[PDB]
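*Asks:*
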Amino acid sequence: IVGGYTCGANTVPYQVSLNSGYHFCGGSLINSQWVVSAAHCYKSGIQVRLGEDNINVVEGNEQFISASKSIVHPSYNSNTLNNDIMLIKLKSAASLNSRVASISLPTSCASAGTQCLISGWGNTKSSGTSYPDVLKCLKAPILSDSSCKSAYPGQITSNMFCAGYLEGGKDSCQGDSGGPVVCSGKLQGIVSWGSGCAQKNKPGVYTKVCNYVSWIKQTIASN
Ligand SMILES: N=C(N)c1ccc(CNC(=O)[C@@H]2CCCN2C(=O)CNC2CCCCCCC2)cc1
Ligand SMILES: [Ca+2]
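Take the sequence shown: its letters are residues 16 to 34, 37 to 67, 69 to 125, 127 to 130, 132 to 184, 184A, 185 to 188, 188A, 189 to 204, 209 to 217, 219 to 221, 221A, 222 to 245, numbered as in the deposited numbering.
1. Throw me the rounded Cβ distance for the residue 111 and residue 29 pair, which I believe falls under 8 Å.
2. Would you give the residue range spanned by the beta strand (DSSP E) that residue 183 belongs to?
3. Less than 8 Å between the beta carbons of residue 88 and residue 63, yes or no?
4. Run the proximity test for residue 215: is its beta-carbon closer than 7 Å to any non-hydrogen atom belonging to ligand 1?
5. Using 8 Å as the threshold, is the C-beta distance between residue 216 and residue 196 below it?
6. Which word fits residue 95, buried or exposed, when buried means at least 16 other C-beta atoms lie within 10 angstroms of its C-beta?
7. Starting from residue 241, follow the alpha helix (DSSP H) in both directions and report where the run begins and ends.
8. Please classify residue 222: is it buried, with 16 or more other beta-carbons within 10 angstroms of its beta-carbon, or exposed?
9. By Cβ distance, which residues of its chain are closer than 6 Å to residue 150, with the 5 residues on each side in sequence left out?
10. Please confirm whether residue 182 and residue 220 have their CB atoms less than 8 Å apart.
11. Measuring only from the beta carbon, is residue 76 closer than 7 Å to any heavy atom that is part of ligand 2?
12. Is it the case that the CB of residue 98 approaches a heavy atom of ligand 1 more closely than 7 Å?
13. Count the other C-beta atoms from every protein chain shown that fall within 10 angstroms of the C-beta of residue 109, then say buried if there are 16 or more, exposed otherwise.
14. Going by Cα to Cα distance, which pick from 162, 187 and 101 is closest to residue 132?
15. Is there at least one non-hydrogen atom of ligand 1 closer than 7 Å to the beta-carbon of residue 45?
16. Is there at least one non-hydrogen atom of ligand 1 closer than 7 Å to the beta-carbon of residue 91?
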């Protein structure tokens, strides 16, 4: 997260870290056994870390649970990042508490101008790299369809939206991938892609979760 703020320990209790001997992506807890992340985060050997604040120190409240299933959308395209969504099943159910909590799926899509919360342990620099120990947060609005497509002509599908700030300085970034964009208590986006981080005229691009609610439900019920 570039230009954000320290969230505060466990203030984003649905935020998970995906770990393979290091943090490599975020995710969102949607029930005690399932996490939503990005398809481009797929790999073997995923450990889900719930209840985290400082990802480099055991502080208490962590739960570490291996992934037992990682389900990339069948129509994911790694070149266009269309359908950039993955479901992870946990080997055992998480224990839900004030610090480890699910986020609701949308019942309808969000509109332009809606303010959302974006969070993660990704890079905090727009030039160069710096990775934080504790979770970072950013408030950011959804942009209009016309401004999104203006920004990235011929690259925005109906399964994407743009959010953030065209003036530069405030964005998600590498390592935030797969993490949440939450609007009015609903998981509306997944951190997916962008041109650089926090660059002028190049906002963040997010997977449009409302288009996937039926697929998510249908996939969880059959697995
Ligand atoms: N909000 C941001 N600025 C931002 C940018 C990047 C990321 C992490 N995502 C990435 O690095 C992803 C993974 C594979 C290549 N990615 C890219 O972001 C690479 N760039 C292209 C841009 C235009 C073509 C359409 C399809 C997307 C890729 C996360 C957030
Ligand atoms: Ca920790």
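Beta carbons: idealized from backbone N, C-alpha and C, even for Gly.
*Replies:* Well, looking at it:
1. Actually they do not touch by this definition, with Cβ atoms about 15 Å apart.
2. 180-183 is the span of the beta strand (DSSP E), which, as asked, contains residue 183.
3. Residue 88 places its beta carbon less than 8 Å from that of residue 63.
4. Yes, ligand 1 has a heavy atom inside 7 Å of this Cβ.
5. When the beta-carbon positions are compared, residue 216 and residue 196 stay at least 8 Å from each other.
6. That one is exposed.
7. Element bounds for residue 241: 235-243.
8. Counting other Cβ atoms within 10 Å of its Cβ, residue 222 stays below 16 and is therefore classed as exposed.
9. These residues qualify, in order along the chain: 144.
10. No, the Cβ-Cβ distance between residue 182 and residue 220 is not below 8 Å.
11. Short note on residue 76: C-beta closer than 7 Å to some heavy atom of ligand 2.
12. Result yes, Cβ under 7 Å from ligand 1.
13. Counting other Cβ atoms within 10 Å of its Cβ, residue 109 stays below 16 and is therefore classed as exposed.
14. Its Cα nearest to that of residue 132, the residue 162 stands out among 162, 187 and 101.
15. Relative to ligand 1, even the nearest heavy atom lies 7 Å or more away from the CB of residue 45.
16. No - ligand 1 has no heavy atom lying nearer than 7 Å to the Cβ of residue 91.
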